[PDB]
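Taking it in order: structure first as structure tokens, then the write-up.
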Amino acid sequence: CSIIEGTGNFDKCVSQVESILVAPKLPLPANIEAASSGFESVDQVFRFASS
Amino acid sequence: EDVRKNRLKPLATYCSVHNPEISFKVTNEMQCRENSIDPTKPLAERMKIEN
Amino acid sequence: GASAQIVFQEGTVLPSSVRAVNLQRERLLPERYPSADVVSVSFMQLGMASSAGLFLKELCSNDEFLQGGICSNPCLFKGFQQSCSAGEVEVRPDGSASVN
């Protein structure tokens with residue numbers, strides 16, 4: 001990769017933010033400390049612990 | 001040859017689509033399949049060692 | 001900038017793998033104040049600096065957005081161009097993006 005070009009599409013940006021940052025299929029470790037609950041990603045938080 | 005008397009039973013029952021213990025973490029779904037216990041395949045095929 | 005946090009019904013059946021954070025037991029609030037069991041989650045990957053880096057690394061690696069050098073970004077405006085690197089981007093008055 002050498003150059004990044006802006007296509008300007010919000011719906012495609014939403015789907016990518018969803019597949020990469022918000023709800024990734026293969027998420028990062030997200031360890032369970034004394035302060036953290038234990039959830040790996042955002043999608044699992046509102047799925048089992050919604051308030 | 002009985003299903004209940006089988007030694008693989010505590011692990012095979014733990015790894016299934018019916019079982020909600022795995023559904024909490026998406027990384028856990030791949031962890032059991034890699035150890036030859038596939039939750040996708042039915043109990044009769046899951047317990048049986050091919051060839 | 002670096003990490004994003006989500007901290008927030010009553011007596012819900014919660015999984016064994018995830019623990020409900022009690023502020024009284026974790027020595028954050030005294031016993032005289034009412035009990036508060038909250039869902040405390042923090043993700044480094046969603047923080048402003050890491051989120052911009054992780055996005056460009058995953059978007060440009062995929063064959064759908066990359067075509068032999070050109071990485072199509074739907075989040076960036078039409079006409080905007082920058083060098084393919086996760087470095088800090090500064091907008092110059094010339095009409096170009098300065099990437100570190």
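Letters A, B, ... go to the chains of the structure tokens in the order shown; residues in each chain start at 1; ligands are counted from 1 in the same order.
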(message) Tell me as a ChimeraX atom specification which residues belonging to chain C come within 9 Å of chain B, counting only C-alpha atoms.
(response) /C:15-18
(message) Please list as a ChimeraX atom specification every residue within 10 Å of residue 88 in chain C, counting only C-alpha atoms and excluding residues in the same chain fewer than 5 positions away.
(response) /C:49,52-53,97-100
(request) Could the residues of chain A within 8 Å of chain B, counting only C-alpha atoms, be given as number ranges by chain, please? (result) A: 25-27, 39-40, 44
Hey, could you make a per-residue contact list for chain A against chain C with 7 Å as the cut-off, showing the nearest pair of atoms and its distance in Å to one decimal, counting only C-alpha atoms, sorted by chain and number, as CSV?
residue,atom,partner,partner_atom,distance
A:1,CA,C:69,CA,4.2
A:2,CA,C:84,CA,4.7
A:3,CA,C:83,CA,4.9
A:4,CA,C:71,CA,4.7
A:5,CA,C:72,CA,5.0
A:6,CA,C:76,CA,4.6
A:7,CA,C:74,CA,4.9
A:8,CA,C:77,CA,4.7
A:9,CA,C:74,CA,4.7
A:10,CA,C:75,CA,6.4
A:12,CA,C:74,CA,6.0
A:13,CA,C:75,CA,5.0
A:20,CA,C:55,CA,6.6
A:21,CA,C:46,CA,6.3
A:35,CA,C:21,CA,6.8
A:36,CA,C:40,CA,5.4
A:37,CA,C:19,CA,4.9
A:38,CA,C:18,CA,4.6
A:39,CA,C:18,CA,6.3
A:50,CA,C:9,CA,6.6
A:51,CA,C:9,CA,4.2
